[PDB]
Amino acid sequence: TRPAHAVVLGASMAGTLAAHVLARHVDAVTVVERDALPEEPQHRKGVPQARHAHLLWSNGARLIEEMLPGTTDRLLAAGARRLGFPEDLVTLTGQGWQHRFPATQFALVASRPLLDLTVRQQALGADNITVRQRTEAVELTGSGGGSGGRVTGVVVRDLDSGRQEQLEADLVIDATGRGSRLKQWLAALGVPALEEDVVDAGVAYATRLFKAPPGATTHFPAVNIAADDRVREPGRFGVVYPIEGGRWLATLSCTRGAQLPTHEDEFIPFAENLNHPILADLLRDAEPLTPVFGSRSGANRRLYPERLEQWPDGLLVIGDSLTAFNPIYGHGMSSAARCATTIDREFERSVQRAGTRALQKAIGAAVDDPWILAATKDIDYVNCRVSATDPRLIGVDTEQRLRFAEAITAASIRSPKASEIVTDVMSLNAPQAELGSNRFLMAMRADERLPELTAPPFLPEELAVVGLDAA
């Protein structure tokens, strides 16, 4: 018999997309969210990462567009911007400035609260979706361990009354994010511990919101400075992204060993000590609208429920709860869209439980691309904490992995054919392994390499919008 009631824990991007998908296949869906969901673009404590710069890469943007047609146009009408890569960005890599080749990929950029609200407005309006705001999931009900175990429902607590209730379900979806209590819920059902890979470069983030020079959010590119050209030293990075309302979102980041700004008067000096001070020059006369927001959620971690024999029937885990990545590569929301898309494409085949386990295996395969990309890039940072069994990571020459990464970067910034393939991998539209293919290696040697840029490739009319001259 088919499932008739599904419960989705968490109403952020992973839970909202899964709720919309499951409503097409299940008679009734209940969404359990700890926060009150605002009706206007507004931050909330359940998604504290929304304070920092967010790119929706073309992989997630297309997956969301095919699930919810019109979403992209609604975002743009609300002030979001479609950044073309590498065309609409002034980017400094460890190998030099990126030539602004005609765009081969894109990313939608906006405030994360606007993007969350726009998606919620297009997904949660179905008649068979019930949203229980200000309701907290406390534990799962059912049985675990041995064989034959299965999750029957979830205990929820109403936060305005304090009363608890048993919410029975044929299917429970954990989408509660990086701070998820899944390991406690599992152990309370007698389920053994899950396998977990971790690659933790100790990345932290400091963000301020600025009023951009008038017109810059439309006629000035995004700027990204990534300083990693030495490997015995921690990485230090910085981005300035345009968002709706004529505002600049500036996010500074560093790996373990470096020092982030903890006060407002340390923000611009950090940008002045990157490999090029262009982010400081842009933000020197810009009006700050916020204090400095911080984040320490920069580890790469992946659970493998698809490997656990004692995985209970009727339970799935998606989003940051299943796996989370270093935000610098900006794949979290695309991974959430992949989880919902995989449920949509595999649900009917997986029912008629071999279905719950088949869905979880399909979900695990869909999140491999953002995992192996972020972990490959972070594993070689100095003082990185590594605890993973992935043979693509652990059994690899460390000199050769670094040298090859440098060669990939050197080709992408100055070779059109190499840049196109790299943006495919960067946009999560091609696996990381494609950079080791015969196709990429032949493109890397055969393609032309343009001369090295000795200054940031701003067009003069872009410098005129922000009131600068000669880089």
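The first residue of the shown sequence is 1; numbering continues from there.
Per the record, residue 352 and residue 353 are separated by 4 to 9 deposited residues that are missing from the model. Averaged over their C-alpha atoms, the temperature factors of 440 to 448 and 60 to 68 are higher for 440 to 448. Here 155 to 163 and 103 to 111 are compared by their mean Cα B-factor, and 155 to 163 comes out higher. Ranking 323, 251, 176, 262 by Cα temperature factor from the entry places 262 first. When the C-alpha B-factors of 198, 336, 126, 374 are ranked from the entry, the top spot goes to 126. Residue 42: CA B factor in the highest third of modelled residues in this chain (values from the PDB entry).
Ranked by C-alpha B-factor against the other modelled residues of its chain, residue 312 falls in the middle third. In the deposited entry, the Cα temperature factor of residue 424 places it in the middle third of its chain's modelled residues. Annotation for residue 273: CA B-factor lies in the highest third of the chain's modelled residues.
Compared with the other modelled residues of the chain, the Cα B-factor recorded for residue 284 ranks in the highest third.
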